[PDB]
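In the structure tokens that follow, a single protein chain appears in two forms: structure 1, then structure 2.
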Structure 1
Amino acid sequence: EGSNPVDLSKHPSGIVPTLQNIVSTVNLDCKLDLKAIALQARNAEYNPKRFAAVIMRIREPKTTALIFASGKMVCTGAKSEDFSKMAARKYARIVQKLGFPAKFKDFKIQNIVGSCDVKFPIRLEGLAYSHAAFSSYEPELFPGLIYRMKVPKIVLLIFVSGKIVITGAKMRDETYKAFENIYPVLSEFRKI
């Protein structure tokens, strides 16, 4: 039974990108007294002159939650969508247990960041000259090439070293498809 470690149907390049951060939001559906939550929770920080939300942190899943007065909560740091949702539930429950009537409505993934290393140098200048409508490479202003992909709606950061950052996905597979879509062109521009 030679099942394959990597499914080349899903990853023709034979390379699987790593998910580095998933950010999600959920509506707690209630106004929140930020000074009280900050006072009452051990795991909270709240400096409204620096950021208008209470900062809460947990170790499992190792993440950070930004809880706004409106009741909106942003959860960041998770490595999978299941873990982003699991952590969001855990922060929302902490809030209920403090005595606020927190709900868990319209939870949604807002952004997934993935990285990948093809491990060969890339001629970004040539790549950009050949794909002018989608790329920006301006070494004196920022390092790496910015590539705006249409389908899926992703923005990639391609560095001269072969390291790539894939941002903007709403689900794991989009991050994978974005990479596969760009792979043949990275390859076409391998620094000989």
Structure 2
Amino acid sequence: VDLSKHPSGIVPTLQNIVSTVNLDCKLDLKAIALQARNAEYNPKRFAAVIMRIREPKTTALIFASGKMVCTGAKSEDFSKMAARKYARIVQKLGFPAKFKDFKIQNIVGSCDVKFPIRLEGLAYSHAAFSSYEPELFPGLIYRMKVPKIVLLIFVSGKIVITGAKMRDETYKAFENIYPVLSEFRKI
């Protein structure tokens, strides 16, 4: 571990990435679901073809406007890789698709501080940022302002970090919360 970028000694592992791209050509969704072997399309349920690939394990939402959403990947490069796989699938069906304005939209990470946490003590001295409602959700919601990231903190010490467009905001958010968590370590 590079202790200069992770003073805690723990690196959060990315669990999910959402990315968008414009193939920049209108697509016949009804025909794409008929020809492709792993595609579903219920326009009454959602106005998109839902298509999945095996490597990398992802799910794509393909719209008639030509826009595409890619979910499920574990790295930004995997998300871009999967997105180009879906785009070529559309090209082999006859559509003049491109790869315009690819952009990572959301990054989900998680980690484990490996000690129990007193959530209500945390909520009391960080009330301006936190929301703890154990009968609605068993985890404390921490809305970090700098960088703007939301963290879900649980009694077991497991952490969920979401809202990042760059993986460094994920890391900085965890490093800002780590000394607070150890301060509320359940002894």
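Numbers given to residues start at 1 and step along the sequence of structure 1. Residues that one form lacks are left out of the comparison. Note that the rigid core is defined as the largest set of C-alphas that superpose within 1.5 Å between two forms.
Form assignment for the chain places structure 1 as the one matching the criterion, namely the form solved without the DNA. At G71, the distance the Cα travels between the two structures is 1.2 Å after the core is superposed. Taking the core as the fixed frame between the two structures, we note the C-alpha of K90 moving 0.9 angstrom.
Taking the core as the reference frame, the CA atom of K49 shifts 2.4 angstrom between the two structures. When the two forms are overlaid on the core, a lone consecutive residue run of 3+ whose CA positions all differ by 2 Å or more between the two structures maps to 49-51.
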